[PDB]
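Coming up is one lone chain in structure tokens, specifically the form deposited in one PDB entry.
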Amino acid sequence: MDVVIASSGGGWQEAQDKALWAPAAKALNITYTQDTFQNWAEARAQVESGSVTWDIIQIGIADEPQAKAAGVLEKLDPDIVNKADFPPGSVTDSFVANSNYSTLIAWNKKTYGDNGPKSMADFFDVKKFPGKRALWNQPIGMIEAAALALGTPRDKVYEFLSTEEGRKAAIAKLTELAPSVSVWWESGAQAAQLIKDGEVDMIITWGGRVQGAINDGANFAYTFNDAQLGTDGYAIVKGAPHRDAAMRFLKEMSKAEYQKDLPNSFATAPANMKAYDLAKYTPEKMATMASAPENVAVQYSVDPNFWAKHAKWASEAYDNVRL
């Protein structure tokens, strides 16, 4: 009977539940159940198994093309949101954005002090910055990081990765870093734990997770330099048992009145542009936001068009680097 909503756990899930899910469900007088997952392939596994239990799944803008093509996503209702309220391309026929985030470089202050890695070239520099690296066990932001470490300008990341030559060089660069990678982190909360325990010297992970660990007492610092500007959002699983109830829930939770509370404790940036006027965030709060003008200036946006074409190559090639 409950609409089942799934995200990636930890601080990020707690922020969505507190700001969006609990108030939207209360306003619609509906009951919902939470679940946790780390990859859209788990939703693909449900659809292919012939037994769908999830209604709404929280995925990334670059997972959307792959998931839609594999028949994992329901087509959303046309005016579920007003597209003018969200950044361009962040709302498709099968995806509604809820936030922007950064896949960025964090470093251990006990290891490097203020003299930590401030670029991808620095992150990949085991000679100037010796120590334990941690990278995601999934490729989005990881392949691009290698491309940046090779000296590719931020605005040319996907131009360099369009060639089979650049795609191979990126994997070779990750292969060269691989002996220095002590942990291939799987979840945002695990990444936050590695940071809190100082188990790693540097890490490429999500800004909200990093800020959360620092808030919790981690002696780490970070930068938006060379970070990938990502977009998180929601999709309804093809064959969702509570499809029309999930459509109603998704429409409600996308509203500015809920979106405004999304960064209250967790360092994320709401996607509904109308939320900023309602919350009137302080410049200090804005500085932690991935989509803040000064932060965007040193980042590059993830390109779903690249992932729509090269994900399978990336998934297999990156698995080998880790193995």
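Start at 1 with the first residue shown and count on from there.
The discussion below concerns the form deposited in another entry, not included here.
Of the two rigid parts that account for the motion between this form and the one not shown, one contains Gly71 and the other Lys109.
In the other entry, the Cα-Cα separation between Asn272 and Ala297 shrinks by 3 Å or more relative to the displayed conformation.
In the other entry, the Cα positions of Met142 and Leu73 lie at least 3 Å farther from each other than in the form displayed.
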